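Text of work35.cif (mmCIF, N, CA and C atoms) as supplied:
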data_protein
#
loop_
_atom_site.label_atom_id
_atom_site.label_comp_id
_atom_site.auth_asym_id
_atom_site.auth_seq_id
_atom_site.Cartn_x
_atom_site.Cartn_y
_atom_site.Cartn_z
N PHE A 338 -9.50 27.12 -15.06
CA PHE A 338 -9.50 25.67 -15.04
C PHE A 338 -10.81 25.09 -14.53
N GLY A 339 -11.45 25.75 -13.56
CA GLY A 339 -12.75 25.30 -13.09
C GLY A 339 -13.81 25.36 -14.17
N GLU A 340 -13.69 26.31 -15.09
CA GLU A 340 -14.69 26.45 -16.15
C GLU A 340 -14.65 25.25 -17.09
N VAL A 341 -13.44 24.79 -17.43
CA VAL A 341 -13.34 23.64 -18.33
C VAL A 341 -13.54 22.33 -17.57
N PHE A 342 -13.23 22.29 -16.28
CA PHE A 342 -13.35 21.05 -15.53
C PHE A 342 -14.74 20.86 -14.94
N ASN A 343 -15.33 21.92 -14.39
CA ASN A 343 -16.70 21.88 -13.88
C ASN A 343 -17.70 22.49 -14.85
N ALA A 344 -17.42 22.45 -16.15
CA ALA A 344 -18.39 22.89 -17.14
C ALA A 344 -19.68 22.09 -16.99
N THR A 345 -20.78 22.65 -17.50
CA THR A 345 -22.07 21.97 -17.39
C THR A 345 -22.15 20.78 -18.33
N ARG A 346 -21.70 20.96 -19.57
CA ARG A 346 -21.79 19.90 -20.57
C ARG A 346 -20.53 19.90 -21.41
N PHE A 347 -19.79 18.80 -21.36
CA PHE A 347 -18.71 18.58 -22.30
C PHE A 347 -19.28 18.12 -23.63
N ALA A 348 -18.69 18.62 -24.71
CA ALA A 348 -19.07 18.15 -26.04
C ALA A 348 -18.84 16.65 -26.15
N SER A 349 -19.48 16.04 -27.14
CA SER A 349 -19.34 14.61 -27.35
C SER A 349 -18.04 14.30 -28.08
N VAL A 350 -17.59 13.05 -27.95
CA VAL A 350 -16.21 12.72 -28.26
C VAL A 350 -15.89 12.89 -29.74
N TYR A 351 -16.89 12.79 -30.61
CA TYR A 351 -16.63 13.00 -32.03
C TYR A 351 -16.45 14.48 -32.35
N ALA A 352 -16.99 15.37 -31.51
CA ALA A 352 -16.83 16.80 -31.68
C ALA A 352 -16.24 17.40 -30.41
N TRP A 353 -15.23 16.73 -29.85
CA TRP A 353 -14.54 17.24 -28.68
C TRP A 353 -14.19 18.71 -28.86
N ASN A 354 -14.30 19.48 -27.78
CA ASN A 354 -14.11 20.92 -27.88
C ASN A 354 -12.77 21.32 -27.28
N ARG A 355 -12.06 22.21 -27.98
CA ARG A 355 -10.70 22.60 -27.64
C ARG A 355 -10.69 24.04 -27.15
N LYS A 356 -10.68 24.22 -25.83
CA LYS A 356 -10.50 25.53 -25.24
C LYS A 356 -9.02 25.88 -25.23
N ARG A 357 -8.72 27.16 -25.37
CA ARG A 357 -7.35 27.66 -25.48
C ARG A 357 -7.06 28.54 -24.27
N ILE A 358 -6.40 27.96 -23.27
CA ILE A 358 -5.99 28.70 -22.09
C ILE A 358 -4.70 29.44 -22.40
N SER A 359 -4.66 30.72 -22.06
CA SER A 359 -3.50 31.55 -22.39
C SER A 359 -3.54 32.81 -21.54
N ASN A 360 -2.35 33.38 -21.33
CA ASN A 360 -2.19 34.64 -20.62
C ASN A 360 -2.79 34.55 -19.22
N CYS A 361 -2.22 33.65 -18.42
CA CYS A 361 -2.73 33.42 -17.08
C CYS A 361 -1.71 32.65 -16.26
N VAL A 362 -2.07 32.43 -15.00
CA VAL A 362 -1.25 31.75 -14.02
C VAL A 362 -2.01 30.51 -13.58
N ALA A 363 -1.59 29.35 -14.07
CA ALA A 363 -2.24 28.09 -13.73
C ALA A 363 -1.60 27.52 -12.48
N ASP A 364 -2.43 26.98 -11.60
CA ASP A 364 -1.98 26.28 -10.40
C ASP A 364 -2.42 24.83 -10.56
N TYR A 365 -1.58 24.04 -11.22
CA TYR A 365 -1.88 22.62 -11.37
C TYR A 365 -1.74 21.87 -10.05
N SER A 366 -1.24 22.53 -9.01
CA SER A 366 -1.12 21.88 -7.71
C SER A 366 -2.48 21.40 -7.22
N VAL A 367 -3.48 22.27 -7.27
CA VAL A 367 -4.81 21.90 -6.78
C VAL A 367 -5.44 20.82 -7.64
N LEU A 368 -4.96 20.63 -8.87
CA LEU A 368 -5.53 19.60 -9.73
C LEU A 368 -5.15 18.21 -9.24
N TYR A 369 -3.86 17.96 -9.04
CA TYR A 369 -3.44 16.68 -8.49
C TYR A 369 -3.55 16.63 -6.97
N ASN A 370 -4.01 17.72 -6.35
CA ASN A 370 -4.45 17.63 -4.96
C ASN A 370 -5.87 17.08 -4.86
N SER A 371 -6.80 17.65 -5.63
CA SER A 371 -8.17 17.16 -5.61
C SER A 371 -8.21 15.68 -5.96
N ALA A 372 -9.05 14.94 -5.25
CA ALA A 372 -9.20 13.51 -5.45
C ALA A 372 -10.40 13.17 -6.33
N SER A 373 -11.01 14.16 -6.97
CA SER A 373 -12.16 13.91 -7.82
C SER A 373 -11.80 13.21 -9.12
N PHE A 374 -10.52 12.94 -9.36
CA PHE A 374 -10.05 12.38 -10.62
C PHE A 374 -9.62 10.93 -10.43
N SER A 375 -10.22 10.03 -11.21
CA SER A 375 -9.75 8.65 -11.23
C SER A 375 -8.39 8.56 -11.90
N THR A 376 -8.25 9.17 -13.08
CA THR A 376 -7.00 9.18 -13.82
C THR A 376 -6.51 10.61 -13.94
N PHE A 377 -5.24 10.82 -13.61
CA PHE A 377 -4.56 12.11 -13.81
C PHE A 377 -3.10 11.77 -14.10
N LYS A 378 -2.76 11.70 -15.38
CA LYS A 378 -1.51 11.10 -15.81
C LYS A 378 -0.93 11.88 -16.99
N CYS A 379 0.36 12.18 -16.91
CA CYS A 379 1.00 13.11 -17.83
C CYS A 379 2.13 12.44 -18.59
N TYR A 380 2.40 12.95 -19.79
CA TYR A 380 3.49 12.51 -20.64
C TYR A 380 4.38 13.70 -20.97
N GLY A 381 5.68 13.43 -21.06
CA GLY A 381 6.65 14.48 -21.29
C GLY A 381 6.82 15.43 -20.14
N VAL A 382 6.14 15.20 -19.02
CA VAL A 382 6.17 16.13 -17.90
C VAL A 382 5.66 15.40 -16.67
N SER A 383 6.03 15.89 -15.51
CA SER A 383 5.58 15.42 -14.23
C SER A 383 4.72 16.48 -13.55
N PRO A 384 3.55 16.12 -13.02
CA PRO A 384 2.71 17.14 -12.39
C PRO A 384 3.41 17.90 -11.28
N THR A 385 4.23 17.21 -10.49
CA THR A 385 4.95 17.82 -9.38
C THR A 385 5.76 19.03 -9.85
N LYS B 386 12.94 -17.07 -6.33
CA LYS B 386 14.29 -17.19 -5.82
C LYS B 386 14.45 -16.68 -4.39
N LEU B 387 13.35 -16.52 -3.64
CA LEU B 387 13.46 -16.07 -2.26
C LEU B 387 13.88 -17.18 -1.31
N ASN B 388 13.59 -18.43 -1.64
CA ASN B 388 13.88 -19.53 -0.73
C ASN B 388 15.34 -19.93 -0.72
N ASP B 389 16.15 -19.41 -1.64
CA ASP B 389 17.56 -19.75 -1.72
C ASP B 389 18.46 -18.54 -1.48
N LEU B 390 17.93 -17.48 -0.88
CA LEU B 390 18.71 -16.33 -0.47
C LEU B 390 18.74 -16.24 1.05
N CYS B 391 19.86 -15.74 1.58
CA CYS B 391 20.04 -15.53 3.01
C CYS B 391 20.21 -14.04 3.25
N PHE B 392 19.28 -13.45 3.99
CA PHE B 392 19.30 -12.03 4.27
C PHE B 392 19.72 -11.77 5.72
N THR B 393 20.24 -10.57 5.96
CA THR B 393 20.62 -10.19 7.31
C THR B 393 19.41 -10.16 8.24
N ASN B 394 18.36 -9.46 7.83
CA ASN B 394 17.11 -9.42 8.59
C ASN B 394 16.05 -8.81 7.68
N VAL B 395 14.79 -9.03 8.05
CA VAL B 395 13.65 -8.62 7.24
C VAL B 395 12.78 -7.68 8.07
N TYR B 396 12.18 -6.70 7.39
CA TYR B 396 11.33 -5.72 8.04
C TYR B 396 9.93 -5.79 7.45
N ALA B 397 8.96 -6.19 8.27
CA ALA B 397 7.57 -6.28 7.86
C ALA B 397 6.86 -5.01 8.30
N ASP B 398 6.71 -4.07 7.38
CA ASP B 398 5.95 -2.85 7.61
C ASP B 398 4.49 -3.14 7.25
N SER B 399 3.65 -3.28 8.27
CA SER B 399 2.28 -3.71 8.10
C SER B 399 1.32 -2.58 8.43
N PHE B 400 0.20 -2.56 7.73
CA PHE B 400 -0.84 -1.55 7.93
C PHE B 400 -2.04 -1.93 7.06
N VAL B 401 -3.05 -1.06 7.06
CA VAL B 401 -4.25 -1.24 6.26
C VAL B 401 -4.53 0.06 5.53
N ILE B 402 -4.91 -0.04 4.26
CA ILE B 402 -5.11 1.14 3.44
C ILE B 402 -6.36 0.99 2.57
N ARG B 403 -6.68 2.10 1.90
CA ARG B 403 -7.78 2.15 0.96
C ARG B 403 -7.62 1.09 -0.12
N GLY B 404 -8.75 0.70 -0.71
CA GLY B 404 -8.74 -0.32 -1.73
C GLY B 404 -7.87 0.03 -2.93
N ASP B 405 -8.16 1.16 -3.57
CA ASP B 405 -7.56 1.50 -4.86
C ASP B 405 -6.31 2.36 -4.73
N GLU B 406 -5.92 2.77 -3.52
CA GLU B 406 -4.65 3.45 -3.31
C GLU B 406 -3.50 2.47 -3.06
N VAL B 407 -3.68 1.20 -3.42
CA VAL B 407 -2.63 0.20 -3.19
C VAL B 407 -1.40 0.52 -4.04
N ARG B 408 -1.60 0.78 -5.33
CA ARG B 408 -0.46 0.91 -6.23
C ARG B 408 0.38 2.15 -5.95
N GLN B 409 0.04 2.94 -4.93
CA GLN B 409 0.95 3.95 -4.43
C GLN B 409 2.07 3.35 -3.59
N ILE B 410 1.94 2.10 -3.17
CA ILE B 410 2.98 1.43 -2.37
C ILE B 410 3.96 0.85 -3.38
N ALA B 411 4.89 1.69 -3.82
CA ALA B 411 5.90 1.28 -4.79
C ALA B 411 6.93 2.39 -4.94
N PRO B 412 8.16 2.07 -5.34
CA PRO B 412 9.18 3.12 -5.48
C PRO B 412 8.79 4.12 -6.56
N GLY B 413 9.04 5.40 -6.26
CA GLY B 413 8.78 6.46 -7.20
C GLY B 413 7.33 6.87 -7.34
N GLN B 414 6.41 6.22 -6.62
CA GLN B 414 5.01 6.60 -6.72
C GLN B 414 4.79 7.96 -6.06
N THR B 415 3.88 8.73 -6.66
CA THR B 415 3.51 10.05 -6.15
C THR B 415 2.00 10.10 -5.98
N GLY B 416 1.56 10.70 -4.88
CA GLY B 416 0.14 10.78 -4.61
C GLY B 416 -0.12 10.87 -3.11
N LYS B 417 -1.32 10.45 -2.74
CA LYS B 417 -1.79 10.63 -1.37
C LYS B 417 -0.89 9.94 -0.35
N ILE B 418 -0.89 8.61 -0.36
CA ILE B 418 -0.25 7.88 0.73
C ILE B 418 1.26 7.87 0.54
N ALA B 419 1.71 7.85 -0.71
CA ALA B 419 3.14 7.89 -0.98
C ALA B 419 3.78 9.11 -0.32
N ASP B 420 3.24 10.29 -0.58
CA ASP B 420 3.89 11.53 -0.16
C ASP B 420 3.35 12.09 1.15
N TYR B 421 2.30 11.51 1.73
CA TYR B 421 1.83 11.97 3.03
C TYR B 421 1.96 10.96 4.15
N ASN B 422 1.94 9.66 3.85
CA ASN B 422 1.94 8.67 4.93
C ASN B 422 3.05 7.63 4.83
N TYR B 423 3.38 7.16 3.62
CA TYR B 423 4.32 6.05 3.51
C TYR B 423 4.76 5.88 2.07
N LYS B 424 6.07 5.96 1.84
CA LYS B 424 6.66 5.72 0.53
C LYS B 424 7.82 4.74 0.65
N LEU B 425 8.17 4.14 -0.47
CA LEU B 425 9.32 3.25 -0.55
C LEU B 425 10.49 3.94 -1.25
N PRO B 426 11.73 3.67 -0.85
CA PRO B 426 12.87 4.27 -1.55
C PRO B 426 13.01 3.71 -2.95
N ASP B 427 13.64 4.51 -3.82
CA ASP B 427 13.80 4.10 -5.21
C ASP B 427 14.78 2.94 -5.37
N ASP B 428 15.63 2.70 -4.38
CA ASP B 428 16.47 1.51 -4.34
C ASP B 428 15.86 0.41 -3.48
N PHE B 429 14.53 0.36 -3.44
CA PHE B 429 13.84 -0.59 -2.57
C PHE B 429 13.98 -2.01 -3.10
N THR B 430 14.42 -2.91 -2.23
CA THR B 430 14.51 -4.34 -2.52
C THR B 430 13.62 -5.07 -1.52
N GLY B 431 12.60 -5.73 -2.02
CA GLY B 431 11.68 -6.45 -1.16
C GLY B 431 10.34 -6.61 -1.83
N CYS B 432 9.43 -7.25 -1.11
CA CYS B 432 8.12 -7.59 -1.64
C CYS B 432 7.03 -6.75 -1.00
N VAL B 433 5.94 -6.59 -1.74
CA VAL B 433 4.71 -5.98 -1.26
C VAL B 433 3.61 -7.03 -1.37
#

Give the structure from the file, written as structure tokens.
Amino acid sequence: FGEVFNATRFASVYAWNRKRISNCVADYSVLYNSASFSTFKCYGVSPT
Amino acid sequence: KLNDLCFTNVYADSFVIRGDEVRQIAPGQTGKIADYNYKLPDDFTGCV
């Protein structure tokens, strides 16, 4: 998650880049813990 | 319609908070101040 979030350069919006995370253990807890995000909002699911 | 209601008593919970963390002061809100310092019940009746 740090690689996609703290990447050096995100592609531009017309060619947005789609990374495929798979076969791993994600800890979304630290995502909504960190305050570096102005918006962190989910649909069909609750971060908690 | 507050001027034509009679309540048993009123509770003024007063404090000072961050500028943009205001909208955490509401029922069902999740985040910094809601879940660490002060939250409102989901059956909350009253004004902010």

>> I want to know what sits within 6.5 Å of segment 407-414 of chain B, based on all atoms listed in the file, with residues of the same chain fewer than 5 positions away left out; could you give that as a PyMOL selection string?
In response: chain B and resi 419-420+424-427+429

>> Counting only N, CA and C atoms, which residues sit no farther than 6.5 Å from the position (9.3, -8.6, 2.8) in the file's frame? I'd like them as a ChimeraX atom specification.
In response: /B:395-397,431-433

>> When you look at residue 384 of chain A with a cut-off of 7 Å (counting all atoms listed in the file), what residues show up, excluding the ones that are within fewer than 2 positions of it in the same chain? I need them as a PyMOL selection string.
In response: chain A and resi 365-366+379+382

Selection in question (the file shown): the PyMOL selection byres ((chain B and name CA) within 9 of (chain A and name CA)). Which residues does it include, as an mmCIF file with N, CA and C atoms, in the coordinates of the input?
data_model
loop_
_atom_site.group_PDB
_atom_site.id
_atom_site.type_symbol
_atom_site.label_atom_id
_atom_site.label_comp_id
_atom_site.auth_asym_id
_atom_site.auth_seq_id
_atom_site.Cartn_x
_atom_site.Cartn_y
_atom_site.Cartn_z
ATOM 1 N N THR B 415 3.880 8.730 -6.660
ATOM 2 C CA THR B 415 3.510 10.050 -6.150
ATOM 3 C C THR B 415 2.000 10.100 -5.980
ATOM 4 N N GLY B 416 1.560 10.700 -4.880
ATOM 5 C CA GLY B 416 0.140 10.780 -4.610
ATOM 6 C C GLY B 416 -0.120 10.870 -3.110
ATOM 7 N N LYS B 417 -1.320 10.450 -2.740
ATOM 8 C CA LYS B 417 -1.790 10.630 -1.370
ATOM 9 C C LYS B 417 -0.890 9.940 -0.350
#

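Straight-line separation from atom C of residue 430 of chain B to atom C of residue 394 of chain B: 10.2 Å.
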
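The two atoms in question, atom C of residue 390 of chain B and atom N of residue 428 of chain B, are spaced 19.9 Å apart.
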
> What's the 12 Å shell around segment 356-362 of chain A, counting only C-alpha atoms, without same-chain residues fewer than 4 positions away, as a list in words?
Replying inline: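 Listed by chain and then number, they are residues 338, 339, 340, 341, 342, 344, 347, 348 and 366 of chain A.
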
> What does the distance from atom CA of residue 418 of chain B to atom C of residue 406 of chain B come to in Å, to one decimal?
Replying inline: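 Taking atom CA of residue 418 of chain B and atom C of residue 406 of chain B, their separation equals 7.4 Å.
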